[PDB]
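In the block that follows, a single chain appears as structure tokens, in the form deposited in one PDB entry.
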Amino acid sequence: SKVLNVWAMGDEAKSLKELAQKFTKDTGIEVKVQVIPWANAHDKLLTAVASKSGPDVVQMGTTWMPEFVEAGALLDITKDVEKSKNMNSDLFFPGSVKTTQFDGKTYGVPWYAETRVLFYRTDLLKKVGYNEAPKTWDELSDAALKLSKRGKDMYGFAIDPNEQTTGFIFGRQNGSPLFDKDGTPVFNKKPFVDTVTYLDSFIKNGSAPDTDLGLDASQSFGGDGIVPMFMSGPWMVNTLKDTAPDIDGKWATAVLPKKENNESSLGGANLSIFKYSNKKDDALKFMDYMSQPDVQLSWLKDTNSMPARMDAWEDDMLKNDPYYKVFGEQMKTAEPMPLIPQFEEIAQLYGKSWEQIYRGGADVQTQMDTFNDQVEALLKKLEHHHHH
């Protein structure tokens, strides 16, 4: 009734729940945190919109902000965050702020950022002649194939078929804008088509697994390094340090390999107030509480997570820790996925087309024509909603 309901995701939800104890101690506001896996969170949010009942505070994946702003699910908090020492936009990376601001109105406060980088086994790269991480698409292909040639059930590089960012990241690296200046999808034009060919090359030549092997990060990257290279975010630094002691000093991260560029994705999460909340005041207090820079830095550093607030990167560990140095370097040019309200739907369509290619053996051009058409059809449906 007076309990503040907070919906949060994954491992970071534990830090939120723990920080919430002191908030309750200091205010007398009881907090209930529902911990939702990222794989289920989109559906949970759709259900909340359809029933107009949900939490008071919601942790929003950055890529879902356009969707849920457009759906009218997130409170416009522009006036409230403008007046705040700790939630004003000027504190946050411009890319992170782009995930919160639509048509001049602010719909959340950045909570953490992330970007994707290359994880690699330094010992195993050295053995196939790479003293440094692969720096180009050609090198990543070459190193991966040499690594897969260790033997039948040994690989070189992972492509996560459920990762929304992967095809879009590589596409931009090869000069695809993904949507052109007019908003027309261009997933069937040469830059993107060659991107998907390149990703499929690892599958077809046996250097990326073509099924889920069912190994944890420790078992695939650790030991003899069955999967000796992959792409992920800060959460994997923390996971590997905790779970793979056998490769201590035998792995590192590096910025992504380049094609025309090496741009990564900018993501993370924001805190937002659900528009139907009866406790908007207490929601805002919680957000402000959670935005205190020392409270933030404490859990961020402990988890190797990336702050969205700029001045946090002046902290000595963020400047000097090897993992943070690489994340900070990549963050410089990291861009959010297209900030469009059908993003998840489009990413899941990409996932199905990817599956058709890597598992079904579909032609990449034919499949990308099919995918692009699907995307244009979605966009036209939304257009028709805006034009009668």
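Think of the rigid core as the biggest set of C-alphas that the two forms share within 1.5 Å after superposition. Note that residue numbering begins at 1 and tracks the sequence as displayed.
Below, we turn to the form deposited in another entry, even though it does not appear here.
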After a rigid core superposition between the shown form and the other one, the exception among 352, 52, 359, 332, its Cα shifting by 2 Å or more, is 52
In that other deposited form, whether the C-alpha atoms of residue 332 and residue 292 sit closer or farther than here (change of 3 Å or more): closer
Report the direction of the Cα distance change between residue 288 and residue 332 in that other deposited form, compared with the displayed form, as closer or farther; the change is 3 Å or more. closer
